[PDB]
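Encoded as structure tokens, the following chain is the form deposited in one PDB entry, with no partner shown.
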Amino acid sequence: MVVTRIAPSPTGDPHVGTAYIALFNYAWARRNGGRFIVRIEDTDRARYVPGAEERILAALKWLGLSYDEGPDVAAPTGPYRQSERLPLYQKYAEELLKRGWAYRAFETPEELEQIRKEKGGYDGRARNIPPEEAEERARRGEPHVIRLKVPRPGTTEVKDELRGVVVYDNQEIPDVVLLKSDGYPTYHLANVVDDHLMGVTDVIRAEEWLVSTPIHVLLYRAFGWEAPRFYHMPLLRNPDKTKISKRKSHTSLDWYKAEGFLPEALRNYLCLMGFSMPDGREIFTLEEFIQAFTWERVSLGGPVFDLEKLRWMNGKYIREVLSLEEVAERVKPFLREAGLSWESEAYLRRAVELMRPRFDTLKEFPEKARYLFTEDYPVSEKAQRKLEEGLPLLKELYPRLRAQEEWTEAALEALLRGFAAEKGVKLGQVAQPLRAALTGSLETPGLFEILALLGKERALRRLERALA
């Protein structure tokens, strides 16, 4: 059938580049009613970040991607932690050895540095060791690596399903170490082993590993077994067209989540990174994507991640895709975080309704509608100026408000319009100073809803302090 995967490396914060690839493997897989696996690349006992695996998988769920097999979501094909299958790589490496496709090397790291120094990179000198000698030194527990024995005089054909066939000159292909000294393998060794053993048919990965593919087709050759299809996604870039960097832009998914970004939005944004809907529609769901997916719709340029457009998307989602109920729910965590609290669900909802078009990130909500949840809100100069400037006619109005029985957006609007009229003045002239008295902002939703929402007592009392 069709089997795609993601081999994430638990060596840092959950990367957005990881989501990018994941999103496309999930799509292709689902699009073909095939399987999609998660394989953890944890065979670097040096750059391993403990607690980094959980985060990656949680991050993947957060965006809405479900995988058919993986570390938590078990499966039929062996452990999904590259670390739990070291013995495998072991045997397969030995396999190539006692097969003429690999050889043991013993050069210490420094000698290699020297080898690389005096001459490009390693020169496969270890290829000159008699198998028995190498075998012996190995038996005597002498430290060494197991490098791929590339047929030096030759050429290797690679085929990107998106770019076509890219013939290579073995001269360009090194005898890459497969099994490291510590007995641990390299992406090269474990990817082909696990990809095949797990039955992956389509390898969708970052363009980053394009050039490394000829090593893989070679390995698939040595083991004597069918190569999968290869698709290389273009690398996401920093504003400076360079592949996304942690210090040139936010690459941590935990940051996006923290900054009040909707997973659905980020995911939808991610889709636009290469793929595009026939009808040019920019907003759609995960399923519509897995459904409209076609490699003939994938662009190959390097896309620059635009936080601006992302923000725009998050706002759009908040105001058109999610329901009021949905927003009011997601907004709470940010409320609690900002120290604010809401009186009731009803209150919160209406508060969220009036703000819906005024924030593009959940974080932005408790920020701009703070006065809606606490007495401890700031007062802008412009606001103070507008308040002081209108305090008089405000006093000339307070009694009317301390009187008005029908505390309704409709009613309140009538009184105020009447007021401004009877005072030979333009609405805004009464509305703004009041707005500033109530919110201390001058940048606020409608006056009548603000007036109303708070409630007669609540509203007047506050406006009283302002006039105080």
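Residue numbers here begin at 1 and follow the sequence given.
A second form of this protein, the form solved in complex with a small molecule, is not displayed here; the remarks below concern that form.
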Even though the small molecule is not shown here, does it sit in the entry with it bound so that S9, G17 and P234 each have a heavy atom within 4.5 Å? yes
Looking at the partner-bound form in the entry with it bound, is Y187 within 4.5 Å of the small molecule by any heavy atom? yes
Determine whether any heavy atom of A206 comes within 4.5 Å of a heavy atom of the small molecule in the entry with it bound, and answer yes or no. yes
Is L348 close enough to touch the small molecule in the entry with it bound, meaning at least one heavy atom pair within 4.5 Å? no
Going by a heavy atom distance of 4.5 Å, is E413 a contact of the small molecule in the entry with it bound? no
Scan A126, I244, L335, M355 and let me know which has any heavy atom within 4.5 Å of the small molecule in the entry with it bound. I244
Given that the partner is absent here, state which listed stretch (235 to 243, 323 to 331, 287 to 295, 115 to 123) has heavy atoms within 4.5 Å of the small molecule in the entry with it bound. 235 to 243
